[PDB]
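What the coordinates show
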Amino acid sequence: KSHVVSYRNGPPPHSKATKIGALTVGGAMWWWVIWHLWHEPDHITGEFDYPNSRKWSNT
Amino acid sequence: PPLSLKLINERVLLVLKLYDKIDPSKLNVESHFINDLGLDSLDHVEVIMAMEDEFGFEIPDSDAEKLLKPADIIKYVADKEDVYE
Amino acid sequence: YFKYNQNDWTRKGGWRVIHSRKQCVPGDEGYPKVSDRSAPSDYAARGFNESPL
Amino acid sequence: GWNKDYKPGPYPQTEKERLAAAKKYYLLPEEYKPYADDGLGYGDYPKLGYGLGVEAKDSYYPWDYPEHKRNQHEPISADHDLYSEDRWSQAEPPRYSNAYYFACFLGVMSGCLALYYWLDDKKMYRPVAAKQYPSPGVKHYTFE
Amino acid sequence: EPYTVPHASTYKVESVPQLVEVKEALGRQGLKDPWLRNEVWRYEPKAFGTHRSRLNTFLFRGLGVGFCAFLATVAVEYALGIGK
Amino acid sequence: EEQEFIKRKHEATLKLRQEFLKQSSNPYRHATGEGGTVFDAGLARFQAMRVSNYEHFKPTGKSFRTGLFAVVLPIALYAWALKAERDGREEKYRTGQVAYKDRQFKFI
Amino acid sequence: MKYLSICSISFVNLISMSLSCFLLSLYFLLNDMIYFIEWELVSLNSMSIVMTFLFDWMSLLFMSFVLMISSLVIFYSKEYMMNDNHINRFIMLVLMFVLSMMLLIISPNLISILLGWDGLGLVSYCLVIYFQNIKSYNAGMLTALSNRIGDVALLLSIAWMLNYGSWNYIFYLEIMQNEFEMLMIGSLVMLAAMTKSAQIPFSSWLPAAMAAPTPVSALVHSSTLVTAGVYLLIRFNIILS
Amino acid sequence: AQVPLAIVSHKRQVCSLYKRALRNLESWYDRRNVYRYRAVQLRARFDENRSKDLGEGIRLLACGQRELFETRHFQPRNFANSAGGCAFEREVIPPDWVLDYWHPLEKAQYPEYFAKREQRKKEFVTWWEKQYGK
Amino acid sequence: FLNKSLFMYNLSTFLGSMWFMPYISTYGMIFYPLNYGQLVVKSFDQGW
Amino acid sequence: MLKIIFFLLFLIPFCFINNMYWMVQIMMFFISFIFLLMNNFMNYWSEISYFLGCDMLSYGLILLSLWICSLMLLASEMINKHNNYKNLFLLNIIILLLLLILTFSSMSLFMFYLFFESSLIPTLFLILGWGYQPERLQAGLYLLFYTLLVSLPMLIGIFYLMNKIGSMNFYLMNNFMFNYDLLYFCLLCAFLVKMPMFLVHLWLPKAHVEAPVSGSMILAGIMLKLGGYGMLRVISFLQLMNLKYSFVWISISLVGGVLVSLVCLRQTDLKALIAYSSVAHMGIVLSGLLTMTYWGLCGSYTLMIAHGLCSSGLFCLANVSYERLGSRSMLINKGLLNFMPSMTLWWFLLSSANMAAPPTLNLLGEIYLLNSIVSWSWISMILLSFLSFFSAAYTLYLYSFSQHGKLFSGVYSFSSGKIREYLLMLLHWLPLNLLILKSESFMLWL
Amino acid sequence: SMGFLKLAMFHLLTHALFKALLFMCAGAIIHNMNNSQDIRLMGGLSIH
Amino acid sequence: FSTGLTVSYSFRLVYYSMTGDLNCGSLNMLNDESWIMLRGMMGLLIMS
Amino acid sequence: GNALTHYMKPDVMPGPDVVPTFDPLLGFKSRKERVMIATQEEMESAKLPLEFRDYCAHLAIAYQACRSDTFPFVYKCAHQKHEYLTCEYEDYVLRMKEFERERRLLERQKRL
Amino acid sequence: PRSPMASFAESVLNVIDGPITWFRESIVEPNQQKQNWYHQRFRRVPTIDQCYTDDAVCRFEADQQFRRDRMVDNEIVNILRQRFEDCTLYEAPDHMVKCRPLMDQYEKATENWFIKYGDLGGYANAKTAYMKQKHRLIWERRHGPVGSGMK
Amino acid sequence: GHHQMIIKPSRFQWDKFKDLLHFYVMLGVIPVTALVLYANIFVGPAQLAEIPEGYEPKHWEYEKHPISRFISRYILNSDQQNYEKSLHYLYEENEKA
């Protein structure tokens, strides 16, 4: 099935390259998330202010 | 990976040494449940139930009654998994 | 086969084709473009508006 | 033999025929129980099975033909299909009764449906004005 | 040989992570637990660490790289000429 | 436990288990390679009853009511509904109520 | 399929095809074109039975993503089926899904849809019944019958769609909205979309999408029967709203 | 080989009841720390009434069975690689005579296997002759 | 602690069984047509 | 058409000459190829020989008859294995072939009826001379006497038509119209038995079950279609009387359709499933036909043709099992995917065509017929939906249970798939895909 | 049902993409367990 | 209401199978190296 | 500022998508008229769908030029989007102000 | 060529059009013989009205004329449909621009086509069609416009 | 590599079947492909046009394509042939009746 099958133990400590693969996979997600966040943080907010019906004086 | 007959033996031995309510020293590998282990009416199926969880399959309800020894358990696991060889 | 043997007004039961017109863009040749399908004869031409007789 | 050779006999009407038929089908004298033979019956054919389901039968028993959980010579039920695991049958008693399953479904459906239509009568919205369209003769007034 | 098995001398029901506590919260009932020795290799230190630590490991796997690479990109858009 | 009902079945019914094995493992008729299957009474019984039960059918109240409500009333009611609706629709048509504009299925 | 893994064989042509489709989708978007190529079969009583393929940015993009995911799914299967018999059987079935999906998506005519629709069901049963465990029997057989109910609704819908002189729906919806016939033509289309889209009370078979190999589960949920079901509806906007 | 009788003793009707109960704990409680607690709490419930009259045992089944049936997890922990599993019985293999009907060129890929296959076949014939003296 | 599943066993069972649709679409509709067919052949196809 | 007729007569001697099973086979396919080449017809009668014509309606029917009649010899070879009077078999087939050609080309009603009912004999030879079940006797009694008991009475209607008309060419009847209310039933019902109708389906399952691969293929492949072909030619002048009394026939067909499909679900025999299935499809054909609308009729012609093809192929499948595992039962036959997986492909395909999966000339039918019926009466839809639904339902069951479950324990070694059967299955299906390209010849005949 | 096609198709493909990826994730996990498919059986896989 | 549920059962699964205790047997059947089962995932992952 | 009060006073709350009904009152807002920029002929060739073929279309065709110009990287075409949605946003302000204007003009005569 | 990919799509359009049009000019024009194929002109026939009570050949001639005329008028409905089809495809906003001005031709065509041929079903020959017109003329004269019931 | 056999039925007959199919079909296709390529490229399509008032096409004039030209003139009886066929035959039958 799989070439690594331990017994009553954690995973057989795998190579750094595979560790590097995972960390970068999560890192790319984060990089882009903050990338968008700073580039357009206003989007989560309504892009336009919300004026008030009462505040609108009767001309 | 395949399964090794000696390791099946040591593994049932490991859980048996692990099981408290059995005679702690785990007397002769062929310890009958009602003789020296003293395993009661209900203690017997507690043995089978742990063996189940350990070996990844249910034992049949009556066929547990066929299992009357740790030698039987190895013998039942062996018949399942082609361990004779 | 789509350039020379389309399903025209002569042969029928082949792949008859039909399309919509491109999207103009401000600054384009003939930007304010007029409808080309002048008359209903234009619709369903199938090569018959270009008949030999 | 052929089918006409194997055709089941008429319903047994005295105890000796019951003994014979049970042997004809390899059944024990009490195991054999012919259908009611009331006007749409097979007659001497035994009435077996008809339980909750075939898969209710033993999972691990030594079966000659596991396919249908069947040993060798044994009278196949007249309704083997309609009770086979591939057809209407289960392994364990149901939790509730038929009305429960249908009621729990449909009662909820009717109520939620009707309560929706009541609320469609009051369809909320954002208080905004009607969408303006340029057109001949239309002269909406700018706030100016 | 596929793998290896220890002797089970190591498997002590005295596993520290609140298996003794449930032993106590049983002790008020005071019945027993004969199989509990199995859960020793189960909840063992440095196998999986703390659940909160595991969540830290998971929910934040590359945030540091993300922020660093983020700051580099910030410097690029600041000095490369994009400006604001 | 009936005092050995399970047992009494047990003796004979476990004999033919071995004969099934003998048949299945039979090197000789498997060597003939002509196909076919070890005979099975339940199968033979089942086919014969499946093909023939009219000789058992007694035309009584049960069977009559069963068949009547099985197809007959279905056939009669459905046919009557079809004829009735068509009679109405065609009646409108031959009266000319609906002109050659409203009507549907102009092309079958 | 004699010297190289079938996974390689299909994978490469799949990635090649859909990138071409993707780029053509852009062309359609920058020009906003809609082609409606048509090849007629027969015509009686003034009706024209026609195999039609409509090409628009929507369909092209849709089949594009469907088919990169197809390529990546089969590549994953290259290992998940590492030790299985009938791998080749499994893979050609996957292609039949993809081909049947192409036709169903592009179909702008009710008849062309019907080709792909039961075609999806036709292979849907195959790759659900792939294993030989009784659950797969039950699971696939339920799904196939659920889908068949949908196909029947389309098949009935053909009957009333005859009224408006063709089966090219996207050119009659607007002009004849309110009519009773178009009303119910949407109704039958509505029902068929429910069945493939596993809408309640028909949401009883997507749970039975689980007996198939998780590659199949991926390509049955990613963009498959259910998605094509709603994709029939997006093609039919007018009457629904 | 022996196929067992179906007779059952009240001990078994009560112990296999304990077995199903342990299962029903699993399907309703998962965390092994939580489990062993409640499983041993279950044991006390099977221990406080250890030895009672037969009649009370019958009423004890009259309650015990209902508890399982009325408290059965709607999704029992059906076992992975056993009967009823989520992927068990995935494929089947046909009887060996299918290998017997390979085309001679098809036979020509594993001669060593087929040679030994031929030998074992005759030795099986001897074995079956023994099986009941033919 | 208290397991809310057992707190609302019936509702959870309903909620957990997908509103009992699988029973509806499997047990609640196949019993009759199959009996209907065998009923019918015993009445007309082969009887009356 | 005398070209074909004389070809068949000069093929007859080969039956006597020894070892001509395969030479005859190639010739029958070759003449089918020749008859393919001869194709220019319109609605009018064409190729008017002494009394033989040909037309859209007759041209395709003849091609199917020549097609299927050649495929017999591929299907049946156990006759050669057994040396079970191969000469009588070949002679019986050719005699049947000639009768079909003359039936479908008889421009006179009486000539048509004459060959139509002359075919009673050679088919009966085919079942009886090579049957297997002991039921073969009573089955032959059912087949022959259900037919003759109504097929004879139209003989009066034919002569009555002569007296009031003066001839029996088809165009001549069309000019007139009769409404005496017995002429209608006497002709209609007489054809309905051979159609067959659900209420007189009774014989047909028996005939198929206890008949060889060949006879069953003939029975379901032409005989039912031949009844329908007569209907198409004859209802031209039964219109008014038909209109008054038509709801009964359409009702029983549609009602019987869902019923017989439920019989299929509960049935437990490969030939029984297909036999009942073939009755179901011919139920819908009878419905669209009796609608008499253009869509119904032009579609009926198509569905008869496609149904004949699919029914044949499914019978070859049933023969395959019957010839390996030696038992027709659902129970014995199972899991064949493990023993003939490349064959199970063909099992699926032929099943597919029978449930109207495209590209399939069958499917092309139901669009036409369903449009006709729906237009004729909206009420039909409530049963049309279920009719098709259960149609596909049993076909699913047939395909799955036969090919899917775990194998049967007691099964004695049987040879594997072979070129004859493989080529046989392609030949029945592949034309069933071919025709859609040029349905216009198989789609337009009115 | 409201009648907004663009968001439907936009979300349709979006829905399609990552869920396929999730199906891939599950497939990786399921094989890497002994052919079992229960969330209860699984636990911390991040370390592995 | 369903949107909260989407996050709900999502995180519900997250804790059980993936940050909770490893409700497994004795065999540690877990592997991670397999590149193909990843590399097929990666392209979609990037696009997602 | 919600919609539930409609069910209590189905009169007082104007309703959805409602046209003005007191615009003759010019003593308040709405004394000037609309303004048309993008001619319907150019709009026709613009292929702008009718659902949007409204007063905010001049910028719409402007954007189409932006996107048809530098299509491969639409992200560059940002400011054209920024302005267009703003021009729409101002229309939305008018939409609200129309709603409350007809609300105002309703209220001053309600009890009278 | 403002847009980049459109300035590239043209490049593949030059790629695709290149060899084909070269092939057309290279291995067709130097290898084509000139031949002509015309189009039928079937003479009119004495229709059913003209022919006698029992003139089977004449009646057969009339029906064939009726069938061919049916097949054409059968068609003219289709072409008008195809024509309307193009218009609805013309432009996304352009539906009401020319739907009614163009469709109504198709509408009239259908109703006229129905009146002449519709409601007869298959097997319908010139006789049943012709007399149906006679019946309709009688109805129009007696009971007034069809679509009013009777008086 | 570490191959552990699998019980599999024979694939030979099925594989041979495909091979015969591919073989014979290409056999028939090749001359067919040659013939169609020849006519269309050596001759190609006759062009539609008007009637020369003094002319009268023979029935083979009315098909555009050459392979149709060959088929219709040589192999299929003219429509006008199969027209008079009926007119003759219906004349006798009406008279006889």
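Residues numbered from 1 in each chain as written, not as in the entry; some residues may be left out. Chains lettered and ligands numbered in written order. Part of a larger assembly, values for the part shown. Heavy atoms only, no water.

Structure determination for this entry, per the PDB record, employed cryo-EM and reached 3.68 Å resolution.

A word on the overall build of chain L
Each helix and strand counted, chain L has two helices and one strand in total. Written out in order from the N terminus, the α and β elements of chain L read α-β-α. Counting every position in chain L, which comprises 48 residues, the buried fraction comes to 35%. For chain L, the exposed surface amounts to about 2,900 Å²; the carbon and sulfur share of it is 69%. (Helix = DSSP H or I, 4+ residues; strand = E, 2+ residues; numbered from the N terminus. Buried < 20%, exposed > 50% of the residue type's maximum accessible area, 1.4 Å probe, protein only. Areas by Shrake-Rupley, 256 points an atom, 1.4 Å probe, with all protein chains shown as cover.)

Description of the nonpolar core
Counting residues in each nonpolar core, the largest one holds 368 residues, and the members touching the most others are G:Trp167, J:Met28, J:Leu71, J:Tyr229, J:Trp295, J:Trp346 and J:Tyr368. Looking at this core, the element that brings in the most residues is helix 18 (residues 294–324) of chain J, giving 17 residues. Excluding residues within four positions of it along the chain, J:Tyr368 makes contact with G:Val42, G:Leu44, G:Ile49, J:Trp295, J:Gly296, J:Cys298, J:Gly299 and J:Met443. (Core = buried A, V, L, I, M, F, W, Y, C linked by side-chain atoms within 4.5 Å. Contact = heavy atoms within 4.5 Å.)

A short note on the interface of chain F and chain D
Between chain F and chain D, the contact holds 30 residues from the first and 32 residues from the second. Scanning the region where chain F abuts chain D turns up two salt bridges. One salt bridge connects F:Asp40 with D:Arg70, and the closest N-O pair in it is separated by 3.1 Å. Counting across the chain F and chain D interface gives nine residue pairs in polar contact. Sorting elements by how many residues they give to the side of chain F that touches chain D places helix 4 (residues 41–51) of chain F first, with eleven residues. Tallied by class, residues from the side of chain F that touches chain D come to 14 nonpolar, seven polar and nine charged. (Salt bridge = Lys/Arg side-chain N within 4 Å of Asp/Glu carboxyl O. Polar contact = N/O pair within 3.5 Å; in protein donor to acceptor, adjacent residues only side chain to side chain. Nonpolar A, V, L, I, M, F, W, Y, C, P; charged D, E, K, R; others polar.)

Focus: the UniProt feature "transmembrane region" (unreviewed entry) in chain F
When the UniProt feature table is mapped to this numbering, "transmembrane region" (unreviewed entry) covers residues 64–82 of chain F. The span residues 64–82 of chain F is 100% helix and 0% strand, and its two end C-alpha atoms sit 25 Å from each other. (UniProt positions renumbered as here; feature names shortened; annotations may be inferred.)

Re the pattern of salt bridges
A complete count under the given rule lists 48 salt bridges over all chains for this structure. B:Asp43 is the partner of H:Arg43 in a salt bridge, and the nearest nitrogen-oxygen pair spans 2.3 Å. Of this pair, H:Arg43 sits in helix 2 (residues 32–45) while B:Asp43 is found in helix 2 (residues 41–55), placing the two residues in two different chains. An identical accessibility class is assigned to H:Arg43 and B:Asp43; each is buried. H:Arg59 is the partner of H:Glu56 in a salt bridge, and the nearest nitrogen-oxygen pair spans 2.6 Å. Of this pair, H:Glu56 and H:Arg59 both sit in helix 3 (residues 54–70), three residues apart, which is roughly one turn of the helix. On the basis of relative accessibility, which here comes to 37%, the residue H:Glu56 falls in the partly exposed class. By relative accessible area, which is 35% here, H:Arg59 ends up partly exposed. One connected set of salt bridges, linked through shared partners, spans B:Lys21, B:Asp43, B:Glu46 and H:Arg43.

Points about the interface of chain H and chain K
Across the boundary between the two partners, chain H contributes eleven residues, which contact seven residues of chain K. Surface buried jointly by chain H and chain K totals about 700 Å² across both partners, of which 41% is contributed by carbon and sulfur atoms. On the chain H side of the interface with chain K, the three residues burying the most area are H:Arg77, H:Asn81 and H:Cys86, jointly 58% of the side's total. The interface formed by chain H and chain K contains zero salt bridges. Counting across the chain H and chain K interface gives five residue pairs in polar contact. Broken down by class, the residue content of the side of chain H that touches chain K amounts to four nonpolar, four polar and three charged. (Buried area = accessible area lost by both parts, 1.4 Å probe.)

Thoughts on the packing of aromatic side chains
What the rule picks out here adds up to 116 aromatic pairs over all chains. Summarising the aromatic geometry, the rings of D:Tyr65 and J:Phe408 are spaced 4.7 Å apart at their centres and angled 20 degrees between planes, so their arrangement reads as stacked. Taken as a pair, D:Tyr65 in the loop between helix 1 (15–24) and helix 2 (98–120) and J:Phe408 in the loop between helix 21 (381–403) and helix 22 (419–434) lie in two separate chains rather than in one. This pair shows no difference in class: D:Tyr65 is buried, exactly as J:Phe408 is. If you follow B:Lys80 out to its NZ or CZ, it ends over the ring of B:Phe57, 4.9 Å from the centre. (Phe/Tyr/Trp six-rings, centres within 6.5 Å; stacked < 30°, edge-to-face > 60°. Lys NZ or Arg CZ within 6 Å of the ring centre and 35° of its normal.)

A word on the state of the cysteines
Taken as a whole and assessed by the stated rule, the structure comprises one disulfide over all chains. With no disulfide partner, J:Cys298 has as its closest neighbouring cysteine sulfur the one in J:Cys310, 19 Å distant. Looking at J:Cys298, the relative accessible area reads 0%, which means it is buried. No disulfide involves N:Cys99; its sulfur sits 5.1 Å from the nearest other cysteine sulfur, which is in N:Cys87. (Disulfide = S-S within 2.5 Å.)

Some thoughts on the pairing of strand 1 (residues 35–42) of chain G
Of all eight residues in strand 1 of chain G, six are buried, a share of seventy percent or more. Summarising the sheet, strand 1 (residues 15–16) of chain C and strand 1 of chain G pair through two bridges and their orientation is antiparallel. Looking at strand 1 of chain G, one finds that C:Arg16 is bridged to G:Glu38. Bridge analysis of strand 1 of chain G against strand 2 (residues 49–55) of chain G gives seven bridges, and the strand direction is antiparallel. Of the residues in strand 2 of chain G, the one forming a bridge with G:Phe36 is G:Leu54. Hairpin remark: strand 1 of chain G followed by strand 2 of chain G, antiparallel, with six residues in the connecting loop; positive phi at G:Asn45, about 60 degrees. (Pairing = 2+ DSSP bridges.)

Quick notes on the arrangement of the chains
Considering only C-alpha positions, the minimal separation of the non-contacting chain C and chain E is 29 Å. Spatially, chain E is disjoint from chain J: no contact exists, and the shortest C-alpha separation is 33 Å.

What about the side chain of G:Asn31?
Tracing the chain through its elements places G:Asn31 in helix 1 (residues 6–31). Using a relative accessible area of 9% as the deciding quantity, one classes G:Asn31 as buried. Ignoring anything within four residues of it in the chain, the contact list for G:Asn31 reads C:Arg21, C:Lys22, C:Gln23 and M:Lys47.

Details of the environment of C:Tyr43
Residue placement: C:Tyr43 occurs in the segment after strand 1. We classify C:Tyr43 as buried; its relative accessible area is 4%. Taking the C-alpha atoms as reference points, C:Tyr43 and C:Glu29, separated by 14 residues in sequence, lie 24 Å from one another. In this structure C:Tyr43 touches C:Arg37, N:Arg83, N:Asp86, N:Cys87, N:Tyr90 and N:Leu102, once residues within four positions along its chain are discounted.

Some words on the packing of helix 8 (residues 120–129) of chain J against helix 14 (residues 213–234) of chain J
Residue and element names in this part refer to chain J. Following both chains from N to C, one finds helix 8 and helix 14 inclined at 145 degrees, their axes separated by 8 Å at the closest point. By crossing handedness, the relation of helix 8 to helix 14 is classed as left-handed. Here helix 8 contributes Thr123, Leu126 and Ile127 to the contact with helix 14, which in turn contributes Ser214, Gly215, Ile218 and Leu219. The residue inventory of the contact of helix 8 with helix 14, partitioned by class, reads four nonpolar, three polar and no charged. (Axes fitted to C-alpha atoms, helices over the stretch in contact; angles between N-to-C directions. Left-handed = near helix turned anticlockwise from the far one by under 90°.)

Considerations on the packing of helix 2 (residues 57–80) of chain G against helix 1 (residues 5–32) of chain K
At a minimum axis separation of 11 Å, helix 2 of chain G and helix 1 of chain K run at an interaxial angle of 5 degrees. In this view, helix 2 of chain G runs roughly parallel relative to helix 1 of chain K, as classed from their interaxial angle. For the pair helix 2 of chain G and helix 1 of chain K, contact is made by G:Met58, G:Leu61, G:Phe62, G:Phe65, G:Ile69, G:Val73, G:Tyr76 and G:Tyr80 and by K:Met9, K:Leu12, K:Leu13, K:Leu17, K:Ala20, K:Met24, K:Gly27, K:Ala28 and K:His31, respectively. Of the residues belonging to the contact of helix 2 of chain G with helix 1 of chain K, the class tally is 15 nonpolar, two polar and no charged. (Parallel < 35°, antiparallel > 145°, perpendicular 65-115°, else oblique.)

What to know about unusual backbone geometry
The omega angle of the peptide bond from G:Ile200 to G:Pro201 is 5 degrees, so this bond is cis rather than trans. Tracing the backbone shows G:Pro201 in the loop between helix 6 (180–196) and helix 7 (214–221). Between J:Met195 and the following residue, J:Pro196, the backbone shows a cis peptide bond with an omega angle of -10 degrees. Within the fold, J:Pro196 resides in the loop between helix 12 (183–194) and helix 13 (203–209). Despite not being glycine, H:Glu89 has its phi angle at roughly 65 degrees, a positive value. A residue is classified by how much of its surface remains accessible, and H:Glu89, at 27% relative accessible area, is partly exposed. Positioned with a positive phi, I:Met18 is a non-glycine residue whose angle comes to about 65 degrees. On the secondary structure map, I:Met18 appears in the loop between helix 2 (9–16) and helix 3 (21–45).

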